[PDB]
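To start, the structure itself, in structure tokens.
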Amino acid sequence: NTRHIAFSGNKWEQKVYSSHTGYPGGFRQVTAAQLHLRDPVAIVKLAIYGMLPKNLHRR
Amino acid sequence: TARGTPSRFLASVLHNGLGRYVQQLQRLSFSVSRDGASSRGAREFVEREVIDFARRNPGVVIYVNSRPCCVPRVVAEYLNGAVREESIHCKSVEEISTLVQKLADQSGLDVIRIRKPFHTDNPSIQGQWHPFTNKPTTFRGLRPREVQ
Amino acid sequence: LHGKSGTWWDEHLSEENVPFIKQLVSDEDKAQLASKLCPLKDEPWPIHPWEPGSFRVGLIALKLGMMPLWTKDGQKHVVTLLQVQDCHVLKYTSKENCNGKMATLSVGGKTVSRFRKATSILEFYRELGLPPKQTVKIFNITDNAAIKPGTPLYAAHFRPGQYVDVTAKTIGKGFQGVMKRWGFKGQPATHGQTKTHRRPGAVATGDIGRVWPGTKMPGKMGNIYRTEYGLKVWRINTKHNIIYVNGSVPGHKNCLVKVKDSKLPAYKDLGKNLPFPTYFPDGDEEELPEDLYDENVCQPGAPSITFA
Amino acid sequence: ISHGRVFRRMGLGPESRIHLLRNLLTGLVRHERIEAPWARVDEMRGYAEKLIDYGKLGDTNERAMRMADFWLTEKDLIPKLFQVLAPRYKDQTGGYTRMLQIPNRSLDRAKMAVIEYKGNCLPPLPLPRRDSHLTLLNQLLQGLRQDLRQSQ
Amino acid sequence: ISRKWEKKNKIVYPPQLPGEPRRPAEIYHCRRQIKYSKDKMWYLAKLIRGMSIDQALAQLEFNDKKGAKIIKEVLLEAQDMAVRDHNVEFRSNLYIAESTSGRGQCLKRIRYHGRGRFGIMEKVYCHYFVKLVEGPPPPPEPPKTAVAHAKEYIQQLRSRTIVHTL
Amino acid sequence: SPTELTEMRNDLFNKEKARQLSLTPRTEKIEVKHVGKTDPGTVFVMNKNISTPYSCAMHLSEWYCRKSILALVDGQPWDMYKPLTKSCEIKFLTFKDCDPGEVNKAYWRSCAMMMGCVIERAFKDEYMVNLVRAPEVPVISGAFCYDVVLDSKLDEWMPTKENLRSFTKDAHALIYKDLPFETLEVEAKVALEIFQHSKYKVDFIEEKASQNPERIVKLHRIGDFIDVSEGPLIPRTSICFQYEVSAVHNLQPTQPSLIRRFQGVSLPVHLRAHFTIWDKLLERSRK
Amino acid sequence: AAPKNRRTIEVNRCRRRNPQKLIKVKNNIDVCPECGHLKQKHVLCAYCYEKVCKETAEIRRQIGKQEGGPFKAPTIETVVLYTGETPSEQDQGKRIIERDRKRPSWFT
RNA sequence: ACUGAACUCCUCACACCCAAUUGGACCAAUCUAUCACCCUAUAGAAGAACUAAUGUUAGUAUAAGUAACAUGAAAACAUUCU
Ligand SMILES: [Mg+2]
Ligand SMILES: [Mg+2]
Ligand SMILES: [Mg+2]
Ligand SMILES: [Mg+2]
Ligand SMILES: [Mg+2]
Ligand SMILES: [Mg+2]
Ligand SMILES: [Mg+2]
Ligand SMILES: [Mg+2]
Ligand SMILES: [Mg+2]
Ligand SMILES: [Mg+2]
Ligand SMILES: [Mg+2]
Ligand SMILES: [Zn+2]
């Protein structure tokens, strides 16, 4: 039920997920709502990925 | 350093303290020179202390060669087959006495890094923790979200 | 002596057996091709009518060349001939396993030697009952347009006035410099210019201390798949299975191109009058003429056009 | 890019390429069998065939005579080309030359080829012979051929 | 210099007991001071490593490198001495257990450069060593299977201890 | 029990091998001269009744061992693992000779023997299998045949495509095992002792002994599988590369007994056929 | 531009022991069924070719002796005859090159 | 609330964490005296200790098997041809 997560506050509209394709002009900034509509798994996935230790065991 | 050195775990030879204590040192061999200042301390030790040490340690056979090769030495052989050779060159009587007592007290196991300060063959009495200790069981062993 | 000798079919054949094997295998190939010439009498899959939003299969044609063509308004259009050579539906997969959400038809064309194909490919074509094809391309279709594997496809699957997309490997130009590859200006020929005439200038800025990914640099040019969109089908020779497609097509002559209904929004629902699953000559509803023309085409043999 | 380029770049330029091929062809006409680097032999083979065709055109043909005069640097070979080589191949329509690969040159490890005019008086080259018809595979294929002939 | 490779042919083993597997014959041969780079020789030596004598000779007879002929001559000499002096029954029953190239004694020459400057060219020499062992070439190491990989992983999982505790 | 039969046959076979090697003691040096076109005049000083044409090929070179499959010993085809008996002239025969007729016959015979082993070890214990003979069929026939009588319980059962593929899989297992083709020229008495249970093999041994002026019978073993052959065999099963049990045909006179002929086709490593040619050969061999 | 650091033997081994740099094993080497010599499948047997070249050189030496001078290419065919051979009816009107050895088995 | 230092306590042991500079305790090797006569001792000496001077000499790396270099063609090796 990761599609049915709830954000407190206005995080759905304010939280922005930033990514770069690496190419010039490839910087993409997407709000939490848009990312949720695109991938109903990405928000929980990214939260867990950020909370895990930043070592070679993370993946 | 530890990473550039062998290591072992804390151990005894034959469960050396369970039934009875067996002194692991079994042989001492003092190669001592009649002449030569290098073995003056060894000569004084042979004159004044080796007899008392021998009668204090009846389980250790002590040999005195009175003709060494290279430097005067004491070779300590232990029950587990270990051989530790210590040069007694230019050591005083008291230095040699402390060294010999240390050899008598220690076991034949290698003097290397010991991983743990303790050794249990029975680390657990109530059962080693596994993920299902402290986990409650459910009726008919139903896993979560199981229909029946 | 190590046992990894690379053998070919002719290696151990005798002078007598080489022509015999050639003729035998060629006869088997043509017999297999002829055995598929009546798909409608071989338990065809259900033939649904066309609906809006339906995508049918395309063909794999061979680029024959180019020739001029004239329209009744007096304009010259260069046209490219694409010959449909032994094009057959080979495989069908549903939406779930199509790497997406649309049924897929694998289609092949341009029969090639069985002696030069991998064992797995030969087994696949043996189960299918067809000689192996040079290229196999996957077409996204709706389930309405599913066609039984083994069915042949013909140039009359398209019709004049239709718009088409053609994708093919472009002409390979090898490792090319940046002036030819990306149209850089280069440097002047004289006025002191030494040893730099066709070289890239700066490749980045000094701050980033690196080169951005995707920076235009010398390298292999061409030999990549490109698609030309919205090309008009000007004419169809049903006898030789030729499609006359407006303008240029990527790739060289005698190269296999994948031809499919145009995906442009303007041509979204022009498939009403096209043969929906595909054209079936075995249907024999009306034997098509040797040449199907678009309305505006100045047909040869027509009296000389006068703009009266 | 060299799409469709059918001629190698040899020697010191176009004229030098022609002269190299001319020397090789003159040697081939004189000796009827020549060793040379494989690429040069492959380039010269077409000219050898065309020379035989020009010789077939006839001794009295002025264009053929001019072509032979250019392409044979030793003029004693022109009568040979017109009265020996061309009559030797009058029955044939092509394939006047035989080109085979040779162990690489010891000097520079170059890919080497021997090219000869077919029917020469020299000892035959060790040609590659196909497997005997009596081998196991060939006999099985002969069985297939016989069964197919009987059935159909 | 060192000449231990030559001496390795002069070691005599004690006679074997009847209830003992037959010791395969070993033949050490070398060529010293080959006018060739050891770095270039290494590729030929690596190529013929582990192959039977006949396979190595066949591979070397069709190799364009200068060192191929030298290695072929060394291998032929080793085969001859294996039959004559090391009691090897069959000429072909030999495989290259070891084939290496070593640096030889090299000479220094001057290479003239463009502005009165120079480099020191080295006239490089190399050695070449073979050990031939009697018998069929040992089979190549089979590639790791998924079953073997999974077994190794599960063994590693089972090897885990509770670290830094009682 | 079939296992008991195999064990007793192997025991008798090894007993005969030991008896013959003991009967031939010491090391008598026979002289064998290579009479082939290549390496002419080379003389091998071989060991009588121990050395083999394989040993002579090993002396020659590894290419001879790999390609040589039969031995004309004084003009007579010899198995590459058949111990030589006297000073003689030897010539090695390969598949790619000008006239490899004898090699083709030997390959067909050995492939038939492999098929027979597969047939014997395939079926379940309840059903009984009796290998009657491997008819000497020409290569032109398109297949090698082995005739077998199955249990009367299976007098109507015909193998399916999966059954045939299982047969081929077992044959390829034998090929992977790479078992040498051991040979013995034995006395008819010992041959009948070995095959006393099999009446068909008994009468076949009697025929062969009658044909030979003496009571000499050729016995061949791949591994744990002894059989009577009509001639020399190939060295090792690994010579076979492509191998397929193509079909099974019941013979017309079914009234006395059901003689089912297992037909298969094979090609050696030296003569691999392309996939399509092999498929056509399979189609022809299924007849 | 000069190297900024010495390249290590580890890096150098990874480079120069790459399979791209290793010598590839040839699998087209077989044995000439005629004479038993090693040959590549597409290339002539070296020993047989050397035989043919030596015989051709001898024949060409005889041809040179017969011609006696440059620019003397005959306008007629040539036939090579060995000891114990006589010109045939077809060999009439063709210059004869006489070889002192006997006819080679591979020559026909 | 807990976590949290080389702070402090705890078991044991203690001379054993500043540049320049200064005081001190030892000391490798070498030679000499006298020993030892086995490879050491007590002394007396001194060309008496090198991870560092774009140090000197020699060896060998790296760049790198890279840059660069070279032999017109066929042939009967007579010769001919370009
Ligand atoms: Mg410009
Ligand atoms: Mg310029
Ligand atoms: Mg050039
Ligand atoms: Mg703390
Ligand atoms: Mg403190
Ligand atoms: Mg100093
Ligand atoms: Mg130093
Ligand atoms: Mg320095
Ligand atoms: Mg280097
Ligand atoms: Mg570089
Ligand atoms: Mg260069
Ligand atoms: Zn040959």
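Proteins come first, then strands; the chains are lettered A, B, ... in the order of their sequence lines, and each starts at number 1. Below, each value reflects all heavy atoms present in this structure, side chains not excepted, and no hydrogens, waters or symmetry copies.
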task: Quick one: label E/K108 by what it contacts on the DNA or RNA (base, sugar-phosphate, nothing), any heavy atom closer than 4.0 Å.
output: sugar-phosphate
query: What is the nucleic acid contact for B/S33, judged by heavy atoms within less than 4.0 Å: base, sugar-phosphate only, or nothing?
result: sugar-phosphate
- request: Look at all strands and tell whether G/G64 reaches a base, only sugar-phosphate, or nothing, counting heavy atoms closer than 4.0 Å.
  value: base
query: Hey, is H/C27 sitting syn or anti, using the within-90° cutoff around 0?
result: anti
- request: Quote, to the nearest angstrom, the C1' distance that separates H/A46 from H/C27.
  value: 16 Å
field: Taking every non-hydrogen atom, the tightest pair across B/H89 and B/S38
entry: ND1-CB, 3.2 Å
- prompt: For residues 38-46 of chain E, which residues have at least one heavy atom under 4.0 Å from RNA chain H?
  reply: E/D39, E/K40
task: Using the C1' atoms only, state how far H/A73 lies from H/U82, rounded to an integer number of Å.
output: 7 Å
query: Hey, which of these two, G/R16 or D/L107, hits RNA chain H nearer its 5' end, going by closest nucleotide?
result: G/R16
Sugar of H/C39, sorted north or south by the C1'-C2'-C3'-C4' dihedral sign: north
query: Any chance CZ of B/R8 has more than 12 other-residue heavy atoms, nucleotides or ligands included, within less than 6.0 Å?
result: yes
message: If the glycosidic angle sits within 90 degrees of zero it is syn, else anti. Tell me which applies to H/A53.
response: anti
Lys/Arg-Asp/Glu bridge criterion (N-O < 4.0 Å) met for G/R101, G/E58: no
task: Take the six-membered rings of bases H/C10 and H/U11, measure centre-to-centre distance and interplanar angle, and say whether these fall under 5.5 Å and 30° respectively.
output: no
message: If I pick the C1' atom on H/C35 and the same atom on H/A43, what distance separates them, to the nearest angstrom?
response: 11 Å
statement: In terms of heavy-atom contacts, D/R105 and D/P37 come closest through NH2-CG, 3.3 Å
field: From D/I34, D/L85, D/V41, residue fulfilling side chain to side chain contact (heavy atoms under 4.5 Å, CB included) relative to D/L28
entry: D/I34
- line: Sign check on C1'-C2'-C3'-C4' at H/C7 (positive = north, negative = south) puts the sugar north
Aromatic D/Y117 / basic D/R88 pairing, under 6.0 angstrom, 45° off normal: no
message: When both hydrogen-bonding distances must be under 3.5 Å and the geometry is Watson-Crick or G-U wobble, what is H/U71 paired with, if anything?
response: none
- prompt: Counting any heavy atom closer than 4.0 Å, what does E/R111 reach on the DNA or RNA strands: base, sugar-phosphate only, or nothing?
  reply: base
message: For a quick check of understanding: with a heavy-atom distance under 4.0 Å over all strands, which category does D/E35 fall into, base, sugar-phosphate or nothing?
response: sugar-phosphate
field: Whole-Å P distance, H/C50 and H/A29
entry: 14 Å
message: On a heavy-atom basis, which atom in D/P126 and which in G/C48 lie closest, and how many Å separate them?
response: CG-CB, 3.8 Å
- prompt: Do H/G44 and H/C31 make a Watson-Crick or G-U wobble pair, both distances under 3.5 Å?
  reply: yes
query: Given the cut-offs of 5.5 Å for six-ring centres and 30° for planes, are H/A15 and H/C16 stacked?
result: yes
query: Does anyone know the first and last nucleotide of RNA chain H in reach of chain G, 5' to 3', at under 4.0 angstrom to a heavy atom?
result: H/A61 to H/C81
- request: For H/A48, decide between syn and anti, treating a glycosidic angle within 90° of 0 as syn.
  value: anti
field: Distance, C1' atom - from H/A15 to H/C26, rounded to whole angstrom
entry: 13 Å
- prompt: At under 4.0 Å between heavy atoms, what does G/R15 touch on the DNA or RNA strands: base, sugar-phosphate, or nothing?
  reply: sugar-phosphate
Torsion-based syn/anti label for H/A6, 90° from 0 as limit: syn
query: Using a cut-off of 4.0 Å on non-hydrogen atoms, how would the nucleic acid contact of D/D108 be classed: base, sugar-phosphate, or nothing?
result: nothing
query: So which heavy atom on D/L127 is nearest to which on D/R98, and how close?
result: CD2-CD, 3.5 Å
- request: Can you tell me the pairing partner of H/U54 across any strand shown, Watson-Crick or G-U wobble, with both distances under 3.5 angstrom?
  value: none
message: Would you say the ring centers of B/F45 and B/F30 fall short of 6.0 Å from each other?
response: yes
message: For the neighbouring pair H/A78 and H/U79, do the six-membered rings of their bases satisfy both conditions, a centre distance under 5.5 Å and a plane angle under 30°?
response: yes
- request: Quick one: label D/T26 by what it contacts on the DNA or RNA (base, sugar-phosphate, nothing), any heavy atom closer than 4.0 Å.
  value: nothing
message: Can you confirm if the NZ or CZ of B/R27 lies within 45° of the ring axis of B/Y63 and under 6.0 Å from the centre of its six-membered ring?
response: no
D/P37 or B/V71, whichever maps to the more 5' nucleotide of RNA chain H: B/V71
field: Minimum heavy-atom distance D/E43-D/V6, with the two atoms named
entry: OE1-O, 4.4 Å
statement: Here H/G55, assessed by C1'-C2'-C3'-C4' with north positive and south negative, has its sugar north
Heavy-atom pair with the smallest gap, counting every atom of B/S29 and B/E77: OG-OE2, 4.4 Å
- prompt: If you measure from the P atom in H/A70 to the same atom in H/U80, how many Å do you get, rounded?
  reply: 30 Å
task: May I ask whether H/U22 and H/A28 form a pair, defined as Watson-Crick or G-U wobble with both distances under 3.5 Å?
output: no
task: Can you tell me, in whole Å, how much space there is between the P of H/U30 and that of H/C38?
output: 15 Å
- prompt: Just by the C1'-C2'-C3'-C4' torsion, is H/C10 north or south?
  reply: north
query: When the P atoms of H/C39 and H/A52 are considered, how many whole Å apart are they?
result: 35 Å
- prompt: Is H/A64 paired to anything, Watson-Crick or G-U wobble with both distances less than 3.5 Å, and if yes, which nucleotide?
  reply: none
- prompt: Are the six-membered base rings of H/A68 and H/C69 less than 5.5 Å apart at their centres, with planes tilted under 30 degrees?
  reply: yes
- prompt: Should H/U8 form a Watson-Crick or G-U wobble pair with both distances under 3.5 Å, which nucleotide is its partner?
  reply: none
field: Pucker class of H/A52, from the sign of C1'-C2'-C3'-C4'
entry: south
query: Does the H/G23 / H/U51 combination count as a Watson-Crick or G-U wobble pair, both distances under 3.5 Å?
result: no
- prompt: When all nucleic acid strands are considered with a 4.0 Å heavy-atom cut-off, which category describes E/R103: base, sugar-phosphate, or nothing?
  reply: sugar-phosphate
Check against side chain to side chain donor-acceptor pair (under 3.5 Å), D/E74 and D/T26: CA-CA 7 Å; D/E74 298 142 20; D/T26 296; 5.8 Å; no
- request: With heavy atoms under 4.0 Å as the rule, sort D/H19 into base, sugar-phosphate or nothing.
  value: sugar-phosphate
message: Taking the 3.5 Å cut-off for both atom pairs, check whether H/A41 pairs with H/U34 as Watson-Crick or wobble.
response: yes
- prompt: Is the distance between the six-membered ring centres of H/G59 and H/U60 below 5.5 Å, and is the angle between those ring planes below 30 degrees?
  reply: yes
task: With D/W71 as reference, evaluate D/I78, D/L77, D/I18 under the side chain to side chain contact (heavy atoms under 4.5 Å, CB included) test and give the passing residue.
output: D/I18
